[PDB]
Structure formats: structure tokens, C-alpha cells
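Engineer: Take this sequence and fold it.
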Amino acid sequence: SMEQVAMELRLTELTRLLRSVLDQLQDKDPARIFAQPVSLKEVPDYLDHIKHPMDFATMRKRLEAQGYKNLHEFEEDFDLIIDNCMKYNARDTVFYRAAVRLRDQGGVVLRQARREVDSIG
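Structural biologist: Numbers count the residues shown, from 1 in each chain. Right below this line is the structure:
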């Protein structure tokens, strides 16, 4: 149907906007602490602690399958990255501190992304 195609074009356009959001968020992690999933070879107990692991590569795979239907879904995944790190790691670690910084810096990017998604429909 033409309606199905128009909906598909909206999803494609959201995907393009989310890709730019994702790149901007990931620049706020220059140490690449959150680039890849936590290794279960190197942290074998990780899943006893963290029930829903997340990282920027896993988000990028979802994104390219047009797997985010809306900004809310994308933000949920970004929040997992931060929230998981702040539970597993103590306050006085480079990991926790990197999460705090990513959160604070990402807020700015997410604030405007929300206005753009609302604005462009």
C-alpha cells in the first residue's frame, strides 16, 4: 500500500536522525569504554549482576536493522549503557565516572533530538 510505504519512509528518516544522535553520543565516550559489549570471557559473572547488557555496537546493529520505532526505545538502550555501568562499578572507578560524564553530556544531545523528532513528526 502507499500508506505502508509512507510509514517505511518515516522509519527510514527516524533511522537517519538516530544514526547522527548515536554518533554524537559516542563522541562523548572518547575512551571507548562503552563501544563494545562487556566480555563474558573477561567478566564471567557479569550476567549474575546485569540482566540486560548494552553497548554502542549492539545499538548500532539494532539501528541498521531499523529496529528503533521511536526515540523512546533508543533512549532506553542508551540509559541501559549508563545505568548498568553505575551499578556494576563503584563510584571511585574510571568506569563509573565515564558513565556520569556520558550521561551529563548526552542529555544535551537528547534534549534537542526530542525537539527534532516532535518537530519533523
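Engineer: how much space between the residue most central in space within the chain and residue 42?
Structural biologist: Taking C-alpha atoms, centre = their mean as the criterion, residue 78 is the residue nearest the geometric centre of the chain, at 3.0 Å. Distance, residue 78 to residue 42, using C-beta to C-beta, to the nearest Å: 23 Å. Where C-beta positions appear, they are placed from N, C-alpha and C, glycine not excepted.
Engineer: repeat for residue 81
Structural biologist: According to C-beta to C-beta, residue 81 and residue 42 sit 18 Å apart.
Engineer: neighbour-wise, which of these two wins?
Structural biologist: The neighbour comparison of residue 81 against residue 42 (other C-beta atoms under 10 Å) goes to residue 81, with 23 against 7.
Engineer: from the chain's centre, how far out does stretch 70-88 sit?
Structural biologist: With C-alpha atoms, centre = their mean, to the nearest Å as the basis, stretch 70-88 stands 6 Å off its chain's centre.
Engineer: Not counting it itself, show me its contacts.
Structural biologist: 14, 18, 21-22, 25, 33-34, 38, 46, 49-50, 52-56, 58-59, 62-63, 68, 95-96, 98-100, 102-103, 106, 110, 113-114, 117 (C-beta atoms under 8 Å, 6 or more residues apart in numbering).
Engineer: Show the buried residues in the residues you listed.
Structural biologist: 14, 18, 21-22, 25, 33-34, 38, 50, 53-56, 59, 62-63, 68, 96, 98-99, 102-103, 106, 110, 113, 117 (16 or more other C-beta atoms under 10 Å).
Engineer: Would you pull up how far stretch 84-102 lies from the middle of the chain?
Structural biologist: The answer for stretch 84-102 is 16 Å, by C-alpha atoms, centre = their mean.
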